[PDB]
Amino acid sequence: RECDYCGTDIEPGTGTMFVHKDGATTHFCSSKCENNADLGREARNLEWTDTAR
Amino acid sequence: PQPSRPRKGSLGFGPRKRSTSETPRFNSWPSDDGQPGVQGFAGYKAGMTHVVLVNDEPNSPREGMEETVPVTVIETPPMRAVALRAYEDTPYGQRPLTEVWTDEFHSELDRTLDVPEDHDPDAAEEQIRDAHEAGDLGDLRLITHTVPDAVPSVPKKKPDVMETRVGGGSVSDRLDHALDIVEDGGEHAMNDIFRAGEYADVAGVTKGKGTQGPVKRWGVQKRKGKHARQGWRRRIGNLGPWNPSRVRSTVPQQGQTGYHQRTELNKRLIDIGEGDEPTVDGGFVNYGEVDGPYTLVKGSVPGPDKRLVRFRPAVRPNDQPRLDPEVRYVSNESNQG
Amino acid sequence: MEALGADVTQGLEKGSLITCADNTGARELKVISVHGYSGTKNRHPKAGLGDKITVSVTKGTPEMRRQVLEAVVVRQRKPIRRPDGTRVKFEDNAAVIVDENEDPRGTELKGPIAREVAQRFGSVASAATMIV
RNA sequence: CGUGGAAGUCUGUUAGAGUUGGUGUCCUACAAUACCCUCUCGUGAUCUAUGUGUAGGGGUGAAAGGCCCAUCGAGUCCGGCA
RNA sequence: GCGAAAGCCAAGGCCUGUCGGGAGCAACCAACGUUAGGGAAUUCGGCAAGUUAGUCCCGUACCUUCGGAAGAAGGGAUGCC
RNA sequence: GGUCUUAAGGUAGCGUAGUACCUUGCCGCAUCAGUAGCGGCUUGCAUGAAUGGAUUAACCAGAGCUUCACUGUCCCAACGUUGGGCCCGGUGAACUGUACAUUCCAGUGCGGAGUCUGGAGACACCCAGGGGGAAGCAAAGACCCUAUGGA
RNA sequence: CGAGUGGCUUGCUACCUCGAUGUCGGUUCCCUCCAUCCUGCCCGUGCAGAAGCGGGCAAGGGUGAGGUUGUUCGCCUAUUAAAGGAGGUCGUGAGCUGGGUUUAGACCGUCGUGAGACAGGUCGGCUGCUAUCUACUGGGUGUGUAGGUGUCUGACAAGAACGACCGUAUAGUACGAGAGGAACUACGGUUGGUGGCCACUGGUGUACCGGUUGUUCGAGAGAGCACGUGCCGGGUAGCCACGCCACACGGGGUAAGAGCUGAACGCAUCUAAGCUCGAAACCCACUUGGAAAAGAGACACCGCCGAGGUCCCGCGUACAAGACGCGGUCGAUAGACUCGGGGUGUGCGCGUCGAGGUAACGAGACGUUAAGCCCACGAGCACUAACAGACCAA
Ligand SMILES: [Cl-]
Ligand SMILES: [Cl-]
Ligand SMILES: [K+]
Ligand SMILES: [Mg+2]
Ligand SMILES: [Mg+2]
Ligand SMILES: [Mg+2]
Ligand SMILES: [Mg+2]
Ligand SMILES: [Mg+2]
Ligand SMILES: [Mg+2]
Ligand SMILES: [Mg+2]
Ligand SMILES: [Mg+2]
Ligand SMILES: [Mg+2]
Ligand SMILES: [Mg+2]
Ligand SMILES: [Mg+2]
Ligand SMILES: [Mg+2]
Ligand SMILES: [Mg+2]
Ligand SMILES: [Mg+2]
Ligand SMILES: [Mg+2]
Ligand SMILES: [Mg+2]
Ligand SMILES: [Mg+2]
Ligand SMILES: [Mg+2]
Ligand SMILES: [Mg+2]
Ligand SMILES: [Mg+2]
Ligand SMILES: [Mg+2]
Ligand code: NA
Ligand code: NA
Ligand code: NA
Ligand code: NA
Ligand code: NA
Ligand code: NA
Ligand code: NA
Ligand code: NA
Ligand code: NA
Ligand code: NA
Ligand code: NA
Ligand code: NA
Ligand code: NA
Ligand code: NA
Ligand code: NA
Ligand code: NA
Ligand code: NA
Ligand SMILES: [Sr+2]
Ligand SMILES: [Sr+2]
Ligand SMILES: [Sr+2]
Ligand SMILES: [Sr+2]
Ligand SMILES: [Sr+2]
Ligand SMILES: [Sr+2]
Ligand SMILES: [Sr+2]
Ligand SMILES: [Sr+2]
Ligand SMILES: [Sr+2]
Ligand SMILES: [Sr+2]
Ligand SMILES: [Sr+2]
Ligand SMILES: [Sr+2]
Ligand SMILES: [Sr+2]
Ligand SMILES: [Sr+2]
Ligand SMILES: [Sr+2]
Ligand SMILES: [Sr+2]
Ligand SMILES: [Sr+2]
Ligand SMILES: [Sr+2]
Ligand SMILES: [Sr+2]
Ligand SMILES: [Sr+2]
Ligand SMILES: [Sr+2]
Ligand SMILES: [Sr+2]
Ligand SMILES: [Sr+2]
Ligand SMILES: [Sr+2]
Ligand SMILES: [Sr+2]
Ligand SMILES: [Sr+2]
Ligand SMILES: [Sr+2]
Ligand SMILES: [Sr+2]
Ligand SMILES: [Sr+2]
Ligand SMILES: [Sr+2]
Ligand SMILES: [Sr+2]
Ligand SMILES: [Sr+2]
Ligand SMILES: [Sr+2]
Ligand SMILES: [Sr+2]
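Residues numbered from 1 in each chain as written, not as in the entry; some residues may be left out. Chains lettered and ligands numbered in written order. Part of a larger assembly, values for the part shown. Heavy atoms only, no water.

As recorded in the entry header, the structure was determined using X-ray crystallography to a resolution of 2.700 Å.

Here's what the structure looks like:
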């Protein structure tokens with residue numbers, strides 16, 4: 001699996017899956033990604049993120 | 001009428017004092033059923049990772065599906081059964097009769113023992129067989145030691161000596177089985193005793209925490225609400241009633257917490273191997289890199305990294321062995337991050 | 001009860017205010033008790049995803065309001081662990097009112113549901129639009 | 001609509017005065033009434049320095065038997081007194 | 001900055017609110033910071049803590065001695081160049 | 001009862017009251033559940049008109065209750081920060097002390113014993129701890145009675 | 001109606017305490033009792049079943065959360081296997097709380113000529129002490145047993161280390177007209193308790209990195225202060241719980257009870273002798289401690305001029321002093337360096353762009369730059385420091 005935020009491979013037996021109100025599902029590889037996501041930041045705009053680069 | 005409540009902590013692991021030996025000492029051994037064999041082994045705790053497994057349990061709805069399981073990595077290099085001690089049945093319990101030693105000694109065993117220079121193996125052996133004829137021979141155990149030198153991550157070179165019982169068939173056959181093991185050089189391995197999938201009892205001396213209060217040590221409550229601001233936060237209500245006019249040893253008090261011997265029952269051996277398959281990226285924190293004979297114990301194991309742990313075939317298993325579990329994946333992700 | 005197939009950290013307590021995920025007319029529910037639960041001294045009786053709980057209707061239509069009914073916890077903010085180690089959490093804490101036979105009181109369920117809850121409460125599941 | 005700028009008027013750790021809660025800290029104290037935070041008043045029946053008057057069954061008292069030099073339901077000192 | 005406010009800094013003063021050395025410095029205590037999910041379930045009692053907050057715009061109920069209530073409540077805005 | 005004591009015999013109002021014994025009075029509101037709170041009723045043990053009654057905008061570090069918001073008050077505790085605590089140099093008190101004193105379980109005794117009796121246990125010394133006992137330390141009991149006491 | 005047991009209520013008494021044994025309720029922490037609420041095993045039934053009712057053995061474990069009230073008591077709600085009662089100075093203020101009783105202030109009602117009273121109500125109204133002894137929790141030093149190293153033994157000691165519930169199959173089965181509706185056994189999970197551990201999730205993380213407000217160092221760069229981080233964002237190691245792992249079966253002997261054989265008493269009789277069974281309870285099993293067990297223990301090897309130990313030195317798997325463990329050149333013990341593995345999130349400077357502005361100037365954007373900065377971990381590496389060397393000892 002791939003982190004729906006940063007884009008790196010989620011180490012098996014790790015991570016969290018956030019279930020949005022509408023039923024949407026977001027697989028996070030870490031707290032860092034969830035936290036940056038909660039700050040309303042979009043992965044594309046963060047250089048360290050595999051998505052952006 | 002003031003609600004009931006179980007007491008704080010167990011009275012079964014006392015006194016809660018510092019352990020005499022950092023090397024655990026099993027106070028019980030498995031039964032004599034199968035073929036003659038050594039009833040235990042030992043290693044050094046490395047750290048933890050998780051593994052992905054295939055459900056072995058035939059009674060689980062998830063049988064056959066992938067399952068993530070936590071695992072403690074323990075470096076289990078070969079040991080040396082340097083001697084064979086025999087016990088005799090006396091009216092005051094079992095007592096050490098004699099011992100049969102060897103010629104080949106590990107280069108650095110003298111860091112602990114006063115290695116034998118002049119010993120008579122034959123005479124001792126005879127005495128043991130004579131006691132067996134007399135029907136007074138108690139049990140048979142081997143004096144064993146580890147080779148910390150084989151483990152890079154472990155600083156000590158001074159071997160850890162521990163007696164391990166030999167059970168199995170008839171006393172005559174396991175006597176011989178023991179003698180043979182000792183003869184060669186006493187060299188044996190985790191393979192010789194255990195098979196992945198079996199349940200083991202792991203004993204070890206817990207992580208030391210020095211002195212700690214009743215709250216941490218016994219799990220008593222903290223003062224609540226208004227009581228928590230008056231000058232008392234983590235002190236119990238009282239040391240006991242007016243009468244009896246003395247403090248009972250059963251009341252939770254401050255003291256040494258940690259560094260005690262513990263024997264964790266029914267620990268599944270997920271896998272026994274050799275190499276660097278389980279080592280974590282960047283090295284196990286506060287330990288090092290594993291590249292050799294190891295064991296993967298399901299779950300936690302008492303003690304800090306680098307500590308000597310002991311294995312023993314489960315004396316009271318609840319389940320039937322489900323041999324050689326299928327390991328689909330072993331995590332190597334860094335334990336830093 | 002039948003295993004859930006997931007480890008749950010109860011995220012609710014007696015007196016907690018949750019969402020009533022259905023069209024029964026009840027909007028907000030208040031946890032009163034947890035079926036088959038027995039605590040310990042000083043502990044607040046806890047409830048989490050997959051539990052059947054007694055409930056009080058706090059907000060909603062006059063008819064539904066103030067009634068003492070039974071419900072099933074369908075979603076919770078606190079994470080739960082799946083057999084593969086992954087954690088799962090929801091946007092809110094929600095429950096669906098239920099009858100004596102564990103059949104949903106209303107006709108339609110709002111928002112997603114946990115697959116574990118669905119498996120335990122079949123008729124509730126076979127009413128879910130989304131099952132995560 | 002503007003002007004005007006009233007008030008035992010409001011906000012306010014301005015200065016200054018006071019003292020609600022913490023029943024916190026202290027309780028052989030820093031202190032025989034202290035410390036901290038919190039809190040009340042802050043143009044008025046306001047606060048304050050100095051000077052001055054009222055003296056013991058007497059003063060003084062927006063009254064609590066409050067206060068009259070750590071002393072008050074009758075100050076203190078010595079005497080009556082052993 | 002509204003300011004004899006905070007915070008920071010001069011001039012001037014001081015290191016004398018006058019015993020030191022050492023231990024990642026344990027328990028415990030005084031002050032205090034942060035705690036997931038829940039949210040007063042605590043307790044005689046929200047005690048303690050916290051929440052709110054400056055300024056401008058919009059907007060504002062019952063009641064009323066018509067002065068008031070009232071900053072009612074509620075909503076929006078706020079930097080730099 | 002359909003007057004009598006002793007002059008009159010409770011009017012407006014308010015009322016289970018900071019006044020109501022019975023009492024958690026009864027009905028309603030609110031809550032899952034409310035000896036609380038509010039409204040209504042109210043025969044008021046023993047309300048009531050400057051011994052002022054009722055009522056009331058504004059004001060309040062005054063008493064009680066409800067809601068929204070908030071939160072380590074709680075579930076249930078964790079980690080951390082600063083000063084102590086601990087060890088070393090220096091300085092250097094006090095409280096308290098009939099004697100003896102390693103106690104524990106029972107008993108006995110002026111009926112609430114480390115010291116008596118019977119047993120049990122107990123090698124000595126030292127460090128840290130939280131305070132179970134010494135009916136712990138601190139005060140010739142404020143309560144109560146007594147005194148041909150005081151004010 | 002009669003006979004008792006208890007010492008939880010109340011009353012009585014006035015032995016003890018007035019040179020003081022701190023109140024009620026609550027709380028917290030510990031032990032106990034059984035007249036048993038649940039759980040185990042049983043008997044009876046107006047025992048078909050299911051659900052009950054009554055009784056016996058039995059104290060291992062459990063007996064919880066909330067609304068009014070200071071309340072104890074009690075009333076009420078929803079859960080529950082059940083939400084038992086009681087003793088310990090009505091256990092527990094040199095532990096807490098201080099709501100009530102019961103000081104000094106005040107109000108109301110009643111009573112009193114009045115001061116003032118009330119076994120009426122109401123608002124307010126203080127919680128001292130540095131532990132000598134003893135007691136216990138943990139930690140050391142000595143002596144005894146009479147050279148050392150290592151391994152053991154087990155007198156004794158502690159434990160609840162485990163208690164309970166739900167679900168599936170059995171089964172829509174036995175039973176029953178139907179309604180309704182079990183069990184043995186085998187499984188899965190939950191709850192409470194217990195011990196441990198940190199890969200995972202979560203918290204902390206005044207290590208670290210970044211953003212940014214005010215002010216000061218002329219600007220820039222880079223910094224200080226704003227309480228012991230100015231504030232905001234992220235957060236490593238470790239420590240942790242809200243996270244994860246583990247915590248039987250079986251034997252033996254009994255109680256109530258069910259029986260066998262069996263006599264006194266030719267019969268009968270579970271009992272008198274004998275025997276087979278049979279409780280969550282007892283003992284063993286399992287975990288923890290334990291040579292100071294005065295019968296003061298056993299084994300093996302090394303050594304008595306030398307085995308071994310302490311000091312010293314570098315450090316922690318240890319730690320309040322002390323203790324404990326490891327390494328000490330025949331070495332990777334600690335530090336430096338370099339890698340690796342991690343945190344943050346793209347450095348200074350320069351170039352281009354940039355709303356405008358004649359220009360000066362210019363917030364900011366892009367590039368250089370997965371940059372810069374930083375790390376309580378690991379590896380490599382004898383470069384530095386584990387040197388020199390002292391002492392005790394049969
Ligand atoms: Cl408390
Ligand atoms: Cl409940
Ligand atoms: K007395
Ligand atoms: Mg990690
Ligand atoms: Mg991660
Ligand atoms: Mg409680
Ligand atoms: Mg004057
Ligand atoms: Mg929180
Ligand atoms: Mg309560
Ligand atoms: Mg407050
Ligand atoms: Mg009323
Ligand atoms: Mg009149
Ligand atoms: Mg007296
Ligand atoms: Mg008097
Ligand atoms: Mg007089
Ligand atoms: Mg006393
Ligand atoms: Mg009985
Ligand atoms: Mg018991
Ligand atoms: Mg008492
Ligand atoms: Mg006491
Ligand atoms: Mg006291
Ligand atoms: Mg004290
Ligand atoms: Mg009161
Ligand atoms: Mg009062
Ligand atoms: Na205090
Ligand atoms: Na005018
Ligand atoms: Na004050
Ligand atoms: Na006078
Ligand atoms: Na009157
Ligand atoms: Na005033
Ligand atoms: Na806190
Ligand atoms: Na004491
Ligand atoms: Na009696
Ligand atoms: Na009490
Ligand atoms: Na019991
Ligand atoms: Na109650
Ligand atoms: Na007492
Ligand atoms: Na007492
Ligand atoms: Na007190
Ligand atoms: Na008390
Ligand atoms: Na048995
Ligand atoms: Sr052993
Ligand atoms: Sr043992
Ligand atoms: Sr206090
Ligand atoms: Sr006593
Ligand atoms: Sr004013
Ligand atoms: Sr007060
Ligand atoms: Sr102080
Ligand atoms: Sr004081
Ligand atoms: Sr405070
Ligand atoms: Sr003011
Ligand atoms: Sr005189
Ligand atoms: Sr200056
Ligand atoms: Sr000086
Ligand atoms: Sr933070
Ligand atoms: Sr409350
Ligand atoms: Sr409450
Ligand atoms: Sr606003
Ligand atoms: Sr009338
Ligand atoms: Sr004696
Ligand atoms: Sr102390
Ligand atoms: Sr009995
Ligand atoms: Sr029963
Ligand atoms: Sr009582
Ligand atoms: Sr009552
Ligand atoms: Sr009690
Ligand atoms: Sr009081
Ligand atoms: Sr008074
Ligand atoms: Sr009274
Ligand atoms: Sr009363
Ligand atoms: Sr069934
Ligand atoms: Sr049916
Ligand atoms: Sr600072
Ligand atoms: Sr019998
Ligand atoms: Sr000995």
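Visitor: Any chance you could break down the overall build of chain B for me, citing the residues and the numbers?
Guide: Helices and strands together make up the secondary structure of chain B, namely 4 helices and 15 strands. In chain B, which comprises 337 residues, the proportion classed as buried is 44%. Taking as baseline every contact in chain B between residues at least 6 positions apart, the subset at least 24 positions apart corresponds to 77%. When the accessible area of chain B is evaluated, it comes to approximately 18,300 Å², of which 44% is carbon and sulfur surface. Each charge class in chain B can be summarised by its mean position, and for the 46 positive and 52 negative side chains these summaries are 22 Å apart. (Helix = DSSP H or I, 4+ residues; strand = E, 2+ residues; numbered from the N terminus. Buried < 20%, exposed > 50% of the residue type's maximum accessible area, 1.4 Å probe, protein only. Contact = heavy atoms within 4.5 Å. Areas by Shrake-Rupley, 256 points an atom, 1.4 Å probe, with all protein chains shown as cover. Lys, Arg positive; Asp, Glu negative; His and termini not counted. Charge placed at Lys NZ, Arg CZ, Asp CG, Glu CD.)

Visitor: Now, about the sheet that holds strand β9 (residues 87-90) of chain C: what can you tell me, with residues and values included?
Guide: Strand-to-strand pairing in sheets goes through backbone hydrogen bonds, with the strands running parallel or antiparallel. Taking strand neighbours across the sheet as the criterion, the 5 strands line up as β2(A)-β1(A)-β9(C)-β8(C)-β1(C) in an open arrangement whose pairing is mixed. The open sheet has two edge strands, β2 (25-28) of chain A together with β1 (7-8) of chain C, and neither has a second partner. Where strand β1 (residues 16-19) of chain A meets β9 of chain C, 4 bridges bridge the pair, whose relative direction is parallel. Residue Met-17 of chain A lies in a different strand from β9 of chain C, and its bridge partner there is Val-88 of chain C. (Pairing = 2+ DSSP bridges.)

Visitor: Kindly report on the interface of chain B and chain C, identifying the contributing residues and their values.
Guide: Between chain B and chain C, the contact holds 8 residues from the first and 5 residues from the second. Of the roughly 530 Å² buried between chain B and chain C on both sides combined, carbon and sulfur atoms contribute 50%. The three residues of chain B that bury the most area against chain C are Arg-62, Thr-68 and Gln-221 of chain B, which together make up 53% of that side's buried surface. Seen at the junction of chain B and chain C, the total is 2 residue pairs in polar contact. Grouping the amino acids of the side of chain B that touches chain C by side-chain chemistry returns 1 nonpolar, 4 polar and 3 charged. (Buried area = accessible area lost by both parts, 1.4 Å probe. Polar contact = N/O pair within 3.5 Å; in protein donor to acceptor, adjacent residues only side chain to side chain. Nonpolar A, V, L, I, M, F, W, Y, C, P; charged D, E, K, R; others polar.)

Visitor: Describe the protein's contact with RNA strand F, with residues and values.
Guide: Close contacts around RNA strand F come from 27 residues, with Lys-224 and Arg-234 of chain B together with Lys-30, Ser-56 and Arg-66 of chain C the closest. Those atoms of RNA strand F that come within 4 Å of the protein belong to sugar or phosphate at a rate of 75%. Contact between RNA strand F and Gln-253 of chain B: a base nitrogen at 2.7 Å from a side-chain N or O atom of the residue. In terms of residue class, the surface near RNA strand F is built from 8 nonpolar, 10 polar and 9 charged. (Near = heavy atom within 4 Å.)

Visitor: Quick rundown of the side chain of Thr-49 of chain B? Include the residues and the values.
Guide: Among the structural elements, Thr-49 of chain B can be located in strand β2 (residues 41-54). If near-sequence neighbours (up to four positions away) are discounted, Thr-49 of chain B is found in contact with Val-69, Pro-70, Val-71, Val-73, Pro-278, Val-280 and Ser-331 of chain B.

Visitor: Account for the UniProt feature "zinc finger region: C4-type" in chain A, with residues named and values stated.
Guide: Following the UniProt record, one finds the feature "zinc finger region: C4-type" at residues 3-33 of chain A. As annotated, residues 3-33 of chain A has a helix share of 10% and a strand share of 26%, and its two end C-alpha atoms lie 9 Å apart. (UniProt positions renumbered as here; feature names shortened; annotations may be inferred.)

Visitor: Any chance you could break down the nonpolar core for me, citing the residues and the numbers?
Guide: Core analysis: the largest hydrophobic core is formed by 50 residues, its most contacted members being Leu-84, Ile-128, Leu-142, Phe-194, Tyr-287 and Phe-311 of chain B. Among the elements that take part in this core, β2 of chain B stands out by supplying 6 residues, more than any other. Residues from two domains meet in this core; each of domain 2 (39-77 + 189-206 + 258-337) and domain 3 (78-188) of chain B gives at least three. One finds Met-17 of chain A together with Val-72, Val-98 and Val-132 of chain C within the second-largest nonpolar core, a separate group that totals 21 residues. (Core = buried A, V, L, I, M, F, W, Y, C linked by side-chain atoms within 4.5 Å. Domains from an automatic or database assignment.)

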